[PDB]
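Take a look at the structure below.
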Amino acid sequence: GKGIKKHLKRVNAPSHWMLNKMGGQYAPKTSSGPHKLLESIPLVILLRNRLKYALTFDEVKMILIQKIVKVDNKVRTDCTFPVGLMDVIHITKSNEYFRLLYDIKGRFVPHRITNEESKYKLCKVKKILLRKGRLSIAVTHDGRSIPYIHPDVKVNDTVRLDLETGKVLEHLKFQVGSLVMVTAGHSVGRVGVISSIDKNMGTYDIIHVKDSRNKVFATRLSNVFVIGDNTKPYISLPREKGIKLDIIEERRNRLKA
Amino acid sequence: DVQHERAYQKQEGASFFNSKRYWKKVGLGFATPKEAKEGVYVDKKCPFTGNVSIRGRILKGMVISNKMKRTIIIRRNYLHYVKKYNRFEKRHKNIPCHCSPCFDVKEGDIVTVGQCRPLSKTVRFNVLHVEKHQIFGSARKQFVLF
Amino acid sequence: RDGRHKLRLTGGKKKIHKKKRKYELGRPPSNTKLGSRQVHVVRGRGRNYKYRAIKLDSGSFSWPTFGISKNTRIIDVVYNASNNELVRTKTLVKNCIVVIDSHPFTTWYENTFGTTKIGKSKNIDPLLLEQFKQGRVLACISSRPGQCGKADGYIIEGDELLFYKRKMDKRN
RNA sequence: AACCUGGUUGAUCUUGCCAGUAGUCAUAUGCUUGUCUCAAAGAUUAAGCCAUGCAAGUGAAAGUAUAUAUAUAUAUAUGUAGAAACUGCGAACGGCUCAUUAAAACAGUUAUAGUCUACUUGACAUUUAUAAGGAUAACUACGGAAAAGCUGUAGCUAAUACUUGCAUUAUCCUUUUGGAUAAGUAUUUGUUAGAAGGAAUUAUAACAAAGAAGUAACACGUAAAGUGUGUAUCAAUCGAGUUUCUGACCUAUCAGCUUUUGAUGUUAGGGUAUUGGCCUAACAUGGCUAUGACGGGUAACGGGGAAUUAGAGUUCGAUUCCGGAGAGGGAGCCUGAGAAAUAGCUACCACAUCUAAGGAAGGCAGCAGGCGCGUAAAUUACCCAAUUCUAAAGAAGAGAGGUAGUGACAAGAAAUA
RNA sequence: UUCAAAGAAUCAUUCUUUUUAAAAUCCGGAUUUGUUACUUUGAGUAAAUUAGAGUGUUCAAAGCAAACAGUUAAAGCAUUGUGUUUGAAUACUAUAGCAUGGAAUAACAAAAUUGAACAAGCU
RNA sequence: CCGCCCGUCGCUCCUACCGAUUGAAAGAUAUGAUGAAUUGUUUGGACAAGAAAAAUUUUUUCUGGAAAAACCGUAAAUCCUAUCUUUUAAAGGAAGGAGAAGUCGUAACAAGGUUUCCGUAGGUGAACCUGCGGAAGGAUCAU
Ligand SMILES: [Mg+2]
Ligand SMILES: [Mg+2]
Ligand SMILES: [Mg+2]
Ligand SMILES: [Mg+2]
Ligand SMILES: [Mg+2]
Ligand SMILES: [Mg+2]
Ligand SMILES: [Mg+2]
Ligand SMILES: [Mg+2]
Ligand SMILES: [Mg+2]
Ligand SMILES: [Mg+2]
Ligand SMILES: [Mg+2]
Ligand SMILES: [Mg+2]
Ligand SMILES: [Mg+2]
Ligand SMILES: [Mg+2]
Ligand SMILES: [Mg+2]
Ligand SMILES: [Mg+2]
Ligand SMILES: [Mg+2]
Ligand SMILES: [Mg+2]
Ligand SMILES: [Mg+2]
Ligand SMILES: [Mg+2]
Ligand SMILES: [Mg+2]
Ligand SMILES: [Mg+2]
Ligand SMILES: [Mg+2]
Ligand SMILES: [Mg+2]
Ligand SMILES: [Mg+2]
């Protein structure tokens, strides 16, 4: 007939799933949801390939059936629910809290995290709609609509967003020296300060992001996620702290162990 | 004579009766000419005066024709590299563009055109800025790398 | 039917390699007429219903000068810049000039101030006034009745009105 | 491993071909073959034809059970199952093949300020009620037909099927209390006013008119008051359609093509989900072309890639992924968020099966399997365990998929001392 | 059509710093100046294949795993309980498109039967 | 040099060409004719639910609605041409290549016994001959 595609082939699966070529013909195909399949990750993968709590899809399903895994604090029983960049996972029985982050490679790690910090999540606004009764609503990368957002919030900036209640805490403008994480090409794990934004007329607004080794790298503004003010990040970053080393340096590090 | 059709050529987005003629800016630093702001002429597919927003590609060409009504042809001349011979070769492509009578354009004149929606069977572009230029052979034959 | 099957601009036959994909749908024209109201529903793409008016009369007509509107029977079609066939057949489309039973506007005027919210100061044309005197006034249609299912329109004014009169002009 | 030898002569040096030489995820076939690993395999000929079987269903709190069974607690109460069917969701994915198709498709690159988008997510609503209206299935009885996934009648009865249909917020005065004015989501028209985006006829706000659909007459018993099902708009998402630029093989023994039959444009419309000669009408006379138009050929699906190369390149790419297309041939529809669907339907053509001759159904380029064609290609196997999908979503299905079987296609290791 | 010049390091050469005109901009000091080709950096791209890093699949073709400590505990770290370290890099993804540093080489644009720059005056 | 060899003429084999035959065949478009099915609209109105009257029947109005029909519009298919492409037959004709020590000459290679060769025209069993103007690849780098 011809409509949408329900299946995903295991080689056509996006690399940072890190699936096998063997070990299956297909991949899980993230449900539609709050994240873009190419930059998400289904819950199945998390449960089975990352934490390794499950050996199989079946086990994951079973786990889900006990209403014990929460993603952003409300439960999910959909095995192929997409988790995505910043989202806190609360596996209830272990009393583990994860937050998904990026590695210095493209790969999702589940970070491990405290009760206290778990209660919020960072969310970058994308669009800021006006709706009926001249009320503004931000729309986050979490595919979530924040209504009655504080007026000073502008199109690219992140927002520290509470989970227990839908309301926001604080917001961090997209400034010239704002601690930033990346979430797309090459420099994906990378975490920097920002030197400069280009602001091209018709095109993508390219930005340059100085690291803490002072290695500058550029990136589209699209795929940059504000994470702090110049001093401190508002989230716990992984062990590497977004310092994508050179290849040689990495090898040296590996050797020294 | 402004009203030449069987219909009344109005100008949507004008607002005649109430309020304190209609043109817009089109952006990308292309200055709306005097002839659009002044100078009545109605055009549904003028970038400035009408209701088409230019967006997507902008590419300079060089007009070959004015023969169509409010519509122009522009050959882009360019160089297709052939890796076998590590050499280039002149190649071309005739983009039809909508004009709008703000621009008086004789042949051989350089233009730049923005994209815009499909305006007709082939015209997907309209001319935003017309450099003058002079030509001596046929525009057909002028290569201007661009 | 919205699709290819057409020469290539160079005038070369596009050898077709594709049936007709339903999303290239060209469902056939509702030649909507005068009469008592009668409208069908055609089911466009994502259950997006659209209202094929096939007979009409009581469209919403506006009076732009004063920026108001009223529902009136429309009593005749008198011009169609598309083609005269349509006008002969009395078919309503999105730029048909038609005649409104124009008592309502007059009544409204009377109610408001005088006899033939309020930024009044403009106070009517001569031609328009004359038209009103006979009861029945020329007016464009502005909805696309075939899509929207309403003969919504507006009263033709000053320069445009004059032009339409000229077009109409009788003479021989 | 950036390689060359033999062949014109009586001998010689060239040119020059022929021959050898190696490789081929490149087929065949000949002889031969003890292990193990890995594993292509009816593409090439006939997108030729097909016997039989199977390949899409679905119910573990949660629409509908006096078919029915059954267990507790005092003839009732709860319950627990439940064939059947109605409803819902799915069947548009997958799988197969490569016939078409040479600026088409496809690849990258835009665009959608020109659109649609079910499920999923998040926001979140507007002009008799201690609970409404029929009428339908399964079923009972009576039937018919050789036969078919045939259905007739009469009688019932449900539903989350179908159909009705019950304060508060914003603007002004008083000290959180008491009055005044309003009060439709998309959508459409007219009139204006104008936190983004490079750019707005954008968001939005007001006025004048219309105006769908909706806002629980539903089902569990849950969590630390919750869930399922449904629902208007918005956004996200899974996408889709269009679309910009650039990019293709052979042929000039194809040089002029396109235009009454939309060719090129303008206007107005119609149509579309939206743009558009997409279609209609009216008006221009355009548009493409020696930088190869238009034809013709391709033993052409495109690309990612494959082989072979020192480096260039040359050939191949039916074939693991992405895209396109097609389900004998065209064409046409219904349903639906999505089909111009083919294990949907209508029709014709071409094949063809059963028939009691009245009619009836049928479409392997799904999996096996068979005939044919051929130089040329495997089992009518076992299973849902893994990988996934669908479902009323652990618990069911799945020839999707996997596991073996055949297998000297290839590939690797390795006896015969 | 701006050629050049001078100083410091190194083993005649290499890499670095500084200035030598004119116009606009900024509180005597300090900082912008044709277009495109070309080139350099990026950005953005599916993986499978390819190159390539790691990893004794017994080797290898592979695969994307693994390694480590123990006749069953130490050690760590957690406030009796909890294995730990990790890996699945990187490059290739045109000839076009995107942004980008550019001094050379190329084009083209600017330029006299006359072309524009200022100071004054008048509208 | 008793070398080499050239062409006709026979004979056998194979290849492709021309070929009357409106040759044939399949396929492809293009036109036209008829035109199944069918979206849409229009007409219809078997009937199923209302309203009107009498004691279940009668007459009239409003709703939804099947068959059937008409008109555009998609448009299969069949037939008729036309054109093109592709294989394919054919008496005869006329080439080519191969073969066999066959016939007739001696064209060329030596000043090859008329130097050769070119273009052109006519001739002739056949190689070839001849005319005209060229060339040396001449048998002359020379008075
Ligand atoms: Mg299909
Ligand atoms: Mg050879
Ligand atoms: Mg053994
Ligand atoms: Mg076959
Ligand atoms: Mg196959
Ligand atoms: Mg359930
Ligand atoms: Mg059942
Ligand atoms: Mg498919
Ligand atoms: Mg319902
Ligand atoms: Mg026309
Ligand atoms: Mg083919
Ligand atoms: Mg292929
Ligand atoms: Mg083939
Ligand atoms: Mg077949
Ligand atoms: Mg079909
Ligand atoms: Mg089948
Ligand atoms: Mg069929
Ligand atoms: Mg088969
Ligand atoms: Mg074989
Ligand atoms: Mg399973
Ligand atoms: Mg002599
Ligand atoms: Mg002789
Ligand atoms: Mg002689
Ligand atoms: Mg003689
Ligand atoms: Mg003679």
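Every chain in the structure tokens takes a letter, A first, then B, and so on in the order presented; its residues are numbered from 1, and the ligands are numbered from 1 following the presented order.
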
- Task: List the neighbours of segment 304-317 of chain D out to 10 Å using only C-alpha atoms (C1' of nucleotides); skip same-chain residues closer than 6 positions along the sequence, and give me the result as a PyMOL selection string.
- Result: (chain B and resi 84-85) or (chain D and resi 1-2+23-26+107) or (chain E and resi 46-50+93)

- Message: Tell me as a ChimeraX atom specification which residues belonging to chain E come within 10 Å of chain B, counting only C-alpha atoms (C1' of nucleotides).
- Response: /E:35-37,95-97,107-109

For the residues selected in the previous step, produce a file with C-alpha atoms (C1' of nucleotides) as a PDB file, in the first residue's frame.
ATOM      1  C1'   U E  35      33.414  39.890  -6.868  1.00  0.00           C
ATOM      2  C1'   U E  36      34.092  34.732  -8.413  1.00  0.00           C
ATOM      3  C1'   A E  37      37.513  30.714  -9.515  1.00  0.00           C
ATOM      4  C1'   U E  95      32.862  17.003  -8.920  1.00  0.00           C
ATOM      5  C1'   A E  96      27.917  20.512  -6.220  1.00  0.00           C
ATOM      6  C1'   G E  97      25.559  23.293  -1.625  1.00  0.00           C
ATOM      7  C1'   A E 107      39.191  35.604 -14.526  1.00  0.00           C
ATOM      8  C1'   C E 108      35.550  39.724 -14.237  1.00  0.00           C
ATOM      9  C1'   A E 109      33.994  44.460 -12.388  1.00  0.00           C
TER      10        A E 109
END

Let me have all residues with an atom within 8 Å of ligand 15, counting only C-alpha atoms (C1' of nucleotides) and all ligand atoms, laid out as a PDB file with C-alpha atoms (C1' of nucleotides), in the first residue's frame.
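part.pdb, freshly written:
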ATOM      1  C1'   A D 327       2.203  -7.596  -7.791  1.00  0.00           C
ATOM      2  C1'   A D 340      -5.019   4.596  -6.339  1.00  0.00           C
ATOM      3  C1'   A D 341      -3.638  -1.541  -1.647  1.00  0.00           C
ATOM      4  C1'   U D 342      -3.645  -6.355  -4.900  1.00  0.00           C
TER       5        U D 342
END

- Test item: residues lying within 12 Å of ligand 3 with only C-alpha atoms (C1' of nucleotides) and all ligand atoms, as a count of residues only: 6

- Task: Residues up to 9 Å from ligand 20, counting only C-alpha atoms (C1' of nucleotides) and all ligand atoms: could you list those as a list in words?
- Result: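 Those residues are residues 57 and 58 of chain A; 384, 385, 386, 387 and 388 of chain D.
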
Let's have the selection written as a PDB file, in the first residue's frame, with N, CA, C and O atoms (P, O5', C5', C4', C3', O3' and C1' of nucleotides).
ATOM      1  N   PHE A  57      14.895  -8.661  25.049  1.00  0.00           N
ATOM      2  CA  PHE A  57      13.731  -7.793  24.925  1.00  0.00           C
ATOM      3  C   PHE A  57      12.633  -8.231  25.891  1.00  0.00           C
ATOM      4  O   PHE A  57      11.966  -7.382  26.478  1.00  0.00           O
ATOM      5  N   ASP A  58      12.444  -9.542  25.997  1.00  0.00           N
ATOM      6  CA  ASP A  58      11.420 -10.146  26.826  1.00  0.00           C
ATOM      7  C   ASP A  58      11.582  -9.690  28.282  1.00  0.00           C
ATOM      8  O   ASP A  58      10.610  -9.280  28.947  1.00  0.00           O
TER       9      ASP A  58
ATOM     10  P     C D 384       6.384 -23.043  18.588  1.00  0.00           P
ATOM     11  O5'   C D 384       6.295 -21.685  17.755  1.00  0.00           O
ATOM     12  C5'   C D 384       6.341 -20.380  18.383  1.00  0.00           C
ATOM     13  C4'   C D 384       7.737 -20.052  18.870  1.00  0.00           C
ATOM     14  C3'   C D 384       7.844 -18.789  19.706  1.00  0.00           C
ATOM     15  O3'   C D 384       9.015 -18.863  20.502  1.00  0.00           O
ATOM     16  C1'   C D 384       8.883 -18.423  17.632  1.00  0.00           C
ATOM     17  P     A D 385       8.916 -19.412  21.982  1.00  0.00           P
ATOM     18  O5'   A D 385      10.436 -19.551  22.402  1.00  0.00           O
ATOM     19  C5'   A D 385      10.969 -18.619  23.328  1.00  0.00           C
ATOM     20  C4'   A D 385      12.462 -18.697  23.304  1.00  0.00           C
ATOM     21  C3'   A D 385      13.164 -17.529  22.625  1.00  0.00           C
ATOM     22  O3'   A D 385      13.277 -16.474  23.589  1.00  0.00           O
ATOM     23  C1'   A D 385      14.018 -19.580  21.806  1.00  0.00           C
ATOM     24  P     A D 386      13.009 -14.929  23.188  1.00  0.00           P
ATOM     25  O5'   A D 386      14.318 -14.559  22.373  1.00  0.00           O
ATOM     26  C5'   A D 386      15.599 -14.666  23.009  1.00  0.00           C
ATOM     27  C4'   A D 386      16.690 -14.437  22.003  1.00  0.00           C
ATOM     28  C3'   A D 386      16.548 -13.178  21.155  1.00  0.00           C
ATOM     29  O3'   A D 386      17.015 -12.040  21.884  1.00  0.00           O
ATOM     30  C1'   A D 386      16.983 -15.018  19.750  1.00  0.00           C
ATOM     31  P     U D 387      16.147 -10.684  21.943  1.00  0.00           P
ATOM     32  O5'   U D 387      16.235 -10.157  20.446  1.00  0.00           O
ATOM     33  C5'   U D 387      17.528  -9.966  19.839  1.00  0.00           C
ATOM     34  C4'   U D 387      17.381  -9.545  18.399  1.00  0.00           C
ATOM     35  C3'   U D 387      16.330  -8.485  18.133  1.00  0.00           C
ATOM     36  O3'   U D 387      16.871  -7.195  18.377  1.00  0.00           O
ATOM     37  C1'   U D 387      16.116 -10.237  16.555  1.00  0.00           C
ATOM     38  P     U D 388      15.921  -6.001  18.859  1.00  0.00           P
ATOM     39  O5'   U D 388      14.457  -6.521  18.525  1.00  0.00           O
ATOM     40  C5'   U D 388      13.349  -5.605  18.388  1.00  0.00           C
ATOM     41  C4'   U D 388      12.773  -5.680  16.995  1.00  0.00           C
ATOM     42  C3'   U D 388      11.284  -5.424  16.897  1.00  0.00           C
ATOM     43  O3'   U D 388      11.052  -4.026  16.782  1.00  0.00           O
ATOM     44  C1'   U D 388      11.771  -7.450  15.821  1.00  0.00           C
TER      45        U D 388
END

- Message: List as a PyMOL selection string the protein and nucleic acid residues lying within 10 Å of ligand 24, with only C-alpha atoms (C1' of nucleotides) and all ligand atoms counted.
- Response: chain F and resi 122-124+129-130

- Query: DSSP says strand (DSSP E or B) for which residues of chain B? Put them as a VMD selection string?
  - Reply: chain B and resid 58 to 65 71 to 79 82 87 90 to 98 110 to 114 125 to 130

- Message: If DSSP is run on the backbone, what residues of segment 67-243 of chain A are helix (DSSP H, G or I)? A reply as a PyMOL selection string would be ideal.
- Response: chain A and resi 115-118

Just to be explicit: take each residue in the selection above, keep C-alpha atoms, and write the result as a CSV table (one decimal), in the first residue's frame.
chain,number,residue,atom,x,y,z
A,115,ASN,CA,18.1,12.1,44.8
A,116,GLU,CA,18.4,15.9,45.2
A,117,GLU,CA,19.7,16.8,41.8
A,118,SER,CA,17.4,14.2,40.1

- Return as a VMD selection string the residues of protein, DNA or RNA that approach ligand 22 to within 6 Å, with only C-alpha atoms (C1' of nucleotides) and all ligand atoms taken into account. chain F and resid 106 to 107 112

Selection file, N, CA and C atoms (P, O5', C5', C4', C3', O3' and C1' of nucleotides), as a PDB file, in the first residue's frame:
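Okay, this is what ended up in result_34.pdb:
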ATOM      1  P     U F 106      51.310 -14.217 -71.749  1.00  0.00           P
ATOM      2  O5'   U F 106      51.412 -13.385 -70.404  1.00  0.00           O
ATOM      3  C5'   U F 106      50.741 -12.129 -70.256  1.00  0.00           C
ATOM      4  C4'   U F 106      51.240 -11.467 -69.001  1.00  0.00           C
ATOM      5  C3'   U F 106      52.755 -11.278 -68.965  1.00  0.00           C
ATOM      6  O3'   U F 106      53.121  -9.905 -69.215  1.00  0.00           O
ATOM      7  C1'   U F 106      51.968 -12.485 -67.020  1.00  0.00           C
ATOM      8  P     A F 107      53.073  -8.747 -68.099  1.00  0.00           P
ATOM      9  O5'   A F 107      51.616  -8.858 -67.469  1.00  0.00           O
ATOM     10  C5'   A F 107      50.625  -7.843 -67.700  1.00  0.00           C
ATOM     11  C4'   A F 107      50.397  -6.972 -66.475  1.00  0.00           C
ATOM     12  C3'   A F 107      51.555  -6.728 -65.499  1.00  0.00           C
ATOM     13  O3'   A F 107      52.275  -5.529 -65.823  1.00  0.00           O
ATOM     14  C1'   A F 107      49.673  -7.533 -64.316  1.00  0.00           C
ATOM     15  P     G F 112      60.776  -2.157 -65.523  1.00  0.00           P
ATOM     16  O5'   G F 112      61.094  -3.686 -65.224  1.00  0.00           O
ATOM     17  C5'   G F 112      61.425  -4.563 -66.303  1.00  0.00           C
ATOM     18  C4'   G F 112      60.610  -5.821 -66.197  1.00  0.00           C
ATOM     19  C3'   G F 112      59.113  -5.665 -65.934  1.00  0.00           C
ATOM     20  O3'   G F 112      58.358  -6.635 -66.654  1.00  0.00           O
ATOM     21  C1'   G F 112      60.053  -7.086 -64.343  1.00  0.00           C
TER      22        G F 112
END

- Quick one: residues within 7 Å of ligand 18, with only C-alpha atoms (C1' of nucleotides) and all ligand atoms, as a ChimeraX atom specification? /D:364,367-368

- Polymer residues at most 12 Å from segment 65-80 of chain E, only C-alpha atoms (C1' of nucleotides), same-chain spacing of 3 or more positions, as a PyMOL selection string: (chain A and resi 18-20) or (chain E and resi 54-57+62+83-88)

Restricted to C-alpha atoms (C1' of nucleotides), what would the selected residues look like written as a PDB file, in the first residue's frame?
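The file below, again04.pdb, is the result:
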ATOM      1  CA  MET A  18      25.977   0.360  19.197  1.00  0.00           C
ATOM      2  CA  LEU A  19      24.055  -2.680  18.080  1.00  0.00           C
ATOM      3  CA  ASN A  20      25.521  -5.778  16.457  1.00  0.00           C
TER       4      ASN A  20
ATOM      5  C1'   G E  54      41.779  -1.828  20.555  1.00  0.00           C
ATOM      6  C1'   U E  55      40.690  -6.969  21.696  1.00  0.00           C
ATOM      7  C1'   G E  56      45.191 -14.439  21.772  1.00  0.00           C
ATOM      8  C1'   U E  57      37.357 -16.192  17.947  1.00  0.00           C
ATOM      9  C1'   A E  62      35.788 -13.477  12.099  1.00  0.00           C
ATOM     10  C1'   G E  83      32.396  -6.844  42.065  1.00  0.00           C
ATOM     11  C1'   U E  84      35.818  -3.229  39.366  1.00  0.00           C
ATOM     12  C1'   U E  85      38.029  -1.238  34.948  1.00  0.00           C
ATOM     13  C1'   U E  86      36.042  -0.708  30.772  1.00  0.00           C
ATOM     14  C1'   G E  87      35.732  -0.897  24.838  1.00  0.00           C
ATOM     15  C1'   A E  88      32.441  -0.665  20.770  1.00  0.00           C
TER      16        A E  88
END

Find the residues of chain D in contact range of chain A, meaning any atom within 6 Å when counting only C-alpha atoms (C1' of nucleotides), and list them as a PDB file with C-alpha atoms (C1' of nucleotides), in the first residue's frame.
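Dumped everything to out.pdb:
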ATOM      1  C1'   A D  92      -0.276   0.868   4.057  1.00  0.00           C
ATOM      2  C1'   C D  93       4.721  -2.625   8.070  1.00  0.00           C
ATOM      3  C1'   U D 120       3.494   8.016  20.889  1.00  0.00           C
ATOM      4  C1'   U D 121       4.653  12.525  24.050  1.00  0.00           C
ATOM      5  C1'   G D 122       3.475  17.369  26.396  1.00  0.00           C
ATOM      6  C1'   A D 123       0.486  21.226  26.818  1.00  0.00           C
ATOM      7  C1'   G D 198      16.941  37.303   6.835  1.00  0.00           C
ATOM      8  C1'   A D 203       2.050  34.248  16.359  1.00  0.00           C
ATOM      9  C1'   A D 236       6.736  17.592  19.460  1.00  0.00           C
ATOM     10  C1'   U D 237       7.486  12.835  16.963  1.00  0.00           C
ATOM     11  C1'   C D 238       7.096   8.531  13.356  1.00  0.00           C
ATOM     12  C1'   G D 239       6.813  10.335   8.627  1.00  0.00           C
ATOM     13  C1'   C D 321      21.194  -0.962   3.891  1.00  0.00           C
ATOM     14  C1'   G D 338      -1.852   6.619   5.606  1.00  0.00           C
ATOM     15  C1'   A D 339      -3.507   2.492  -0.358  1.00  0.00           C
ATOM     16  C1'   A D 341      -3.638  -1.541  -1.647  1.00  0.00           C
ATOM     17  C1'   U D 387      16.116 -10.237  16.555  1.00  0.00           C
ATOM     18  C1'   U D 388      11.771  -7.450  15.821  1.00  0.00           C
ATOM     19  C1'   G D 394       4.999 -10.472  29.309  1.00  0.00           C
TER      20        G D 394
END

- Message: What does the structure give for the distance between atom CA of residue 101 of chain B and atom CA of residue 28 of chain B, in Å to one decimal?
- Response: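 Separation between atom CA of residue 101 of chain B and atom CA of residue 28 of chain B: 20.6 Å.
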
- Query: Between D:318, D:345, D:371, D:225, which has the minimum distance to ligand 13 (counting only C-alpha atoms (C1' of nucleotides) and all ligand atoms)?
  - Reply: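 Among the listed residues, the smallest separation from ligand 13 belongs to D:318.
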
- Task: Could you give me the residues within 12 Å of ligand 16, counting only C-alpha atoms (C1' of nucleotides) and all ligand atoms, as an MDAnalysis selection string?
- Result: chainID D and resid 50 54:55 95:96 327 342:343 362:367
